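Report on the structure
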Amino acid sequence: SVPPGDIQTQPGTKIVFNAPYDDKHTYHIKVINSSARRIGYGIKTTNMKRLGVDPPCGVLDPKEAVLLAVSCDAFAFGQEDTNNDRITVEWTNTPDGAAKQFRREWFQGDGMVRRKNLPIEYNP
């Protein structure tokens, strides 16, 4: 069982959502598996009501990339909290002879889970 390797994301440190916020805007994040091993990944957000990611989980062979769609619903920016949103990429090396189909179990059994945060920044 070896620690999960590194991924590369685009954008690499954060994602900026531009107003207007009266419409749903769909952004994209590129996740690349730079490591030498197959990895399973899950995506999480701090605001299920406003934020959505798709696909929310998957598998990535070495050097394979996936393009995720991060949607941001319309909302009243002018009256809400916006200094706390982030998208979280979690991943682990896929166990030996496992299918290219994501199992939440990979993150619950003995092993290592790695994570990368991508804070959301609002440009009003």
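Residues numbered from 1 in each chain as written, not as in the entry; some residues may be left out. Heavy atoms only, no water.

The record lists X-ray crystallography as the method behind this PDB entry and 2.60 Å as its resolution.

1. Points about the nonpolar core
Heads up, the condition is: Remark: nonpolar core denotes a set of buried residues (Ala, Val, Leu, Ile, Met, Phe, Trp, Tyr, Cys) joined through side-chain atoms within 4.5 Å. Accessibility here uses a 1.4 Å probe with only protein chains present; expressed as a share of the type maximum, an area under 20% marks a residue as buried, one over 50% as exposed, and anything in between as partly exposed. Numbering of helices and strands starts at the N terminus; helices are DSSP runs of H or I of at least 4 residues and strands are runs of E of at least 2. Any two residues whose heavy atoms approach within 4.5 Å at even a single point are treated as in contact.
Ranked by internal contacts, the top residues of the largest apolar core, which has 24 residues, are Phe 17, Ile 87 and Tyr 122. Elements with a contribution of two residues or more to this core: β2 (15–18), β3 (25–33), β4 (39–45), β5 (51–54), β7 (65–72), β8 (86–93) and β9 (114–123). Residue contributions to this core peak at four residues, all from β7. Discounting chain neighbours no more than four positions away, the residues touching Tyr 122 are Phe 17, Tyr 21, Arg 50, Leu 51, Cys 72, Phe 75, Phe 77, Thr 82 and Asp 85.

2. Notes on the sheet that holds strand β1 (residues 7–10)
Let me state the cut-off plainly: Two strands are said to pair when DSSP picks up at least two bridges between them. The angle between two axes is taken between their N-to-C directions and runs from 0 to 180 degrees, where each axis is a line fitted to C-alpha atoms and a helix contributes only its stretch in contact.
If you trace the four strands from one edge of the open sheet to the other, you get β1-β3-β7-β5, paired in antiparallel fashion. Each edge of the open sheet carries a strand with a single partner, namely β1 and β5. Ignoring which end each strand starts from, the neighbouring axes of this sheet average 25 degrees apart. Pairing between β3 and β7: eight bridges, direction antiparallel. From the neighbouring strand, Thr 26 faces β7, where its bridge partner is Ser 71.

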